[PDB]
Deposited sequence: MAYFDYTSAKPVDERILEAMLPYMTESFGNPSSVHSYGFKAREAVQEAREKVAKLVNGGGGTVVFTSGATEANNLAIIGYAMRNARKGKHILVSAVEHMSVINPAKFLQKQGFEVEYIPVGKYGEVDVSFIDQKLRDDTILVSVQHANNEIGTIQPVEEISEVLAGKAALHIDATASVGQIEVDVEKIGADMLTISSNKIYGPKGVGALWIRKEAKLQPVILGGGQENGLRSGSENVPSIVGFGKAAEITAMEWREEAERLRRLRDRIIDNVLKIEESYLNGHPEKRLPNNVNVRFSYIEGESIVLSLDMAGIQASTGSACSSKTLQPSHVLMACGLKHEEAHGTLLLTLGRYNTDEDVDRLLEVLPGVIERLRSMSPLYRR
């Protein structure tokens, strides 16, 4: 029973089917000026449209990348380096993915003033902090749409109203696309990170959606693909799969989200029956697929081990920077179990989790001094 979807997902069989013809039969380079080239270019353009449409991104351009990490690097470093003449103050949430944090830290070494936005006890960013700390030399703000570790949905719409026409807003939507509504006009994104595999597309591809008139400096240099912003011969099969994923997700995500919510709530209601159990992240303003719970007197790693031994895959998340930002003590954060759900989970999976987990907690507590 697999409850580790936020670490990796399976490629939907429908997506694979769409990809395969581009591997072997129609394998052209989109830059080539012959019929094989043309078909590849047409496939890429299509795929590009399907990704844009998913997030209502007609007001900007999709840039294909090798995944969310590269796209986050491009958003943070690409925008900041390109726009540094307008100011060098940057605001980054304390609970961002490391593929946003470490680029921010790189910019600190390049002379940018990076100020981290604190979060409250459920991991919600402090919007009054952003309003207070916003300056005329603030050029960029990065706040994730939601947190993939503790599930909390961020108030990005409220943030966008604070930042309107003063600083660019980068929103990492890796955890939210296909889970909750992601409309770059509603949330006011200027840049939006998207992961292919998080919507059951192929690994190894993703995108940064960039709003019209937002200028970036490329990170990857070369033959000038992606209109100069991201060089390298197009990975047409992965792009096509990503496109198919996006189209499928546009049609199916609302139903899937409700199904996952149903399984999530079953898990949470019952797991919290365990003595001295605690939910991490917001209990309602929360991704449909996320259950993050900690247990007194226990190590998360041993839960994960015990669950593995019983054929259940899970995660725990140097303790998590996210949990520490919410104010957990070292000992509290060490007892954390992360169950993340997905397209192929069943009621039987949840039955199985719920039959095993209470005894796992009991045994590990028997061991605590």
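Residues of the deposited sequence that lack C-alpha coordinates fall in the stretches 1, 319-326, 379-382.
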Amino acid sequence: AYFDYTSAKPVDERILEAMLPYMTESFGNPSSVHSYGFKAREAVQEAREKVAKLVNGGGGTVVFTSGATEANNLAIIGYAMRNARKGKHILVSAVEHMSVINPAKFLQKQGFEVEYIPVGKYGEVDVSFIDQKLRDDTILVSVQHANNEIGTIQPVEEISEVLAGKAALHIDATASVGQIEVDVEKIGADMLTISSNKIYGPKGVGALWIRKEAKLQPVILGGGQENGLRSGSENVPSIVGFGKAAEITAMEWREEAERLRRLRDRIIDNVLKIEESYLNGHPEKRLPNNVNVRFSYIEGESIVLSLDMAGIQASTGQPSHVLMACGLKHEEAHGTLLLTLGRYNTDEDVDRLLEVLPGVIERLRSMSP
From here on, numbers count along this sequence of modelled residues.
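Mean CA B-factor, 291-299 versus 167-175: the higher value falls on 291-299. The PDB entry reports B-factors from which the mean C-alpha value can be compared for 6-14 and 353-361; the larger average falls on 353-361. As recorded in the entry, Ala333 carries the highest CA temperature factor of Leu54, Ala333, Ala43, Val63. Within the listed group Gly151, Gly228, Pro118, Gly206, the record reports its top CA B-factor for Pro118. When the modelled residues of the chain are ordered by C-alpha B-factor, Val240 sits in the lowest third. Sort the modelled residues of the chain by CA B factor and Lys198 lands in the lowest third.
Annotation for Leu338: CA B-factor lies in the lowest third of the chain's modelled residues.
Ranked within its chain, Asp137 lands in the highest third, by CA B factor from the PDB record. Sort the chain's modelled residues by C-alpha temperature factor and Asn83 lands in the highest third, per the entry.
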